[PDB]
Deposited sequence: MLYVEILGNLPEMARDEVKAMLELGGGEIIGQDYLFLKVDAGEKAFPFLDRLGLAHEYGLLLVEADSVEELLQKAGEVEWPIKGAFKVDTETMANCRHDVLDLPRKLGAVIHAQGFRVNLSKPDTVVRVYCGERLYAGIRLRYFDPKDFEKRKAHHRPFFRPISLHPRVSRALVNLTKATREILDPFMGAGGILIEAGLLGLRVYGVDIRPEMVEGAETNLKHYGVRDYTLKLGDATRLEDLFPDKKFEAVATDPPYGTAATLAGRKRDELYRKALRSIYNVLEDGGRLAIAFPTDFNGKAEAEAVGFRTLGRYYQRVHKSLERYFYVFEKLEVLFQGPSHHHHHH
C-alpha cells in the first residue's frame, strides 16, 4: 500500500493526475482522507508517481489506525524497512481528529526498538504520520519540493515571456494525457509545457506561428537539457500538413486567449485528426468558450474539466479530452 499527499488548490485535478499515473503504474486510489490518498499500488507505479506536478509527496503506507494507541500497537507489528537513521515527522492535516503531541517520540521509540537509530537533524529515512479523520504511518519515498517548480517560472528562463502556466500545472497537464513516449504542443509559446514534458523524459514536438517563439522555446528547451525535440514554425490549425504521416500519442497546450472561437474550433479539429486513437488532449480555454460542446462536436470524449480563476477579469477551465 502507498500514500500520496496532494496539493489543495486544484484538488480534483490533483487527484485525477494521481489516477492517471496509477493507471500507468497498475494501481488505483482506494480512499481519501482530506488531501491524503490511500493507494493500492506497488513499486511499478514509482516511476509514474515520480512524474507528479500537483502532489506534495508519496510513500509507503504501513499503518492505518483510529487512535494513537492503535497506531502504536500496529506499528509494533510491522516490519519497518528503515534505511540508515530515521526520524518521525507528523503531518497535521486541517481535519486532524487526534492528539498527536509527542507522537514522533512515541512512534520513534517503537521503531527504535526494532534496531534502528534516530537522527533528528539528518535522517536517511523519514517516517511520516498523517493525521486526518484517521491516523496513517509509513515511509516517505519522494518529496516534491515547491522550490524546484518556482525555480522554473518564466523569469528564470533565458527566453523570458510572462505567458506560461505554473510549472506544476504544466506538468499536471502533460501527465493527465498519460503520455509515455511523446507529446505535442501546437501553441507552444516560450515552451513551458514542453519543458515539463522534456524533463519527464518525453520526446517533444512544438509549433508556434511566431518565429520569435520558435527560437525562444528552443533556447529554453536547451537551457533545461531537453534534447529530443522537433519545433516548427506554423499554424496549429494545419497539423495534418505540418506532420503529414504522424499520429501523436498526446497533445497538451495553452492556446492564446482570426476570431478566437474559430481558431479554437479549427485547432480542436486539427488536433483530433493527428491524435492516435485513444490519445488525449489536455488544453485550457477561457470559461466563455463552450469547450466541452465544441470538443465533443469534433469527436472528443470529455474526461475532465477543472475551473480556475486567472485574474480579476479572466477565468478558464483546464480540460482533458480523449479521442
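S.K.: If a residue lacks a C-alpha atom here, it counts as unmodelled; so which stretches of the deposited sequence fall into that category?
M.R.: Model skips 258-265, 332-346 of the deposited chain.
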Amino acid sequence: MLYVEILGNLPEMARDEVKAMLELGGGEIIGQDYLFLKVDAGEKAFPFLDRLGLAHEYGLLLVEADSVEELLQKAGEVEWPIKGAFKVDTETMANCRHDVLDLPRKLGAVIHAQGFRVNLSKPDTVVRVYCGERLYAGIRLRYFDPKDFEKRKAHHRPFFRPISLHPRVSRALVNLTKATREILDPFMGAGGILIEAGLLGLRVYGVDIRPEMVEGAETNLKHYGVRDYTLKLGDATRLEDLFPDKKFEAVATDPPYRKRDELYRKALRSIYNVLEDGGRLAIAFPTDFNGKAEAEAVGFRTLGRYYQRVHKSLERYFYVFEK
From here on, numbers count along this sequence of modelled residues.
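S.K.: Looking at the deposited entry, does 46-54 or 25-33 carry the larger mean Cα B-factor?
M.R.: Comparing 46-54 with 25-33, the higher average CA B-factor belongs to 25-33.
S.K.: Would 237-245 or 127-135 have the larger average of its C-alpha temperature factors, as given in the entry?
M.R.: Mean CA B-factor is higher for 237-245.
S.K.: Highest Cα temperature factor in the entry, among the options 279, 59, 256, 286: which one is it?
M.R.: Answer for 279, 59, 256, 286: 279, with the highest C-alpha B-factor.
S.K.: Which has the highest CA B-factor per the PDB entry: 187, 160, 205, 144?
M.R.: By C-alpha B-factor in the record, 160 ranks first.
S.K.: Of the three thirds of its chain by CA temperature factor, lowest, middle or highest, which one includes residue 171?
M.R.: Bottom third by C-alpha B-factor.
S.K.: Residue 292: which third of its chain by C-alpha temperature factor?
M.R.: Highest third - that is where residue 292 ends up once the chain's C-alpha B-factors are sorted.
S.K.: If you rank the chain by CA B-factor, which third does residue 112 end up in: lowest, middle or highest?
M.R.: Residue 112: CA B-factor falls in the highest third of its chain.
S.K.: Mind checking which third residue 91 falls in for C-alpha B-factor across the chain?
M.R.: Its C-alpha B-factor, which the entry lists for residue 91, ranks in the middle third among residues of this chain.
S.K.: Going by the recorded CA B-factors, say which third of the chain residue 180 sits in, lowest, middle or highest.
M.R.: Answer is middle: the recorded C-alpha B-factor places it there.
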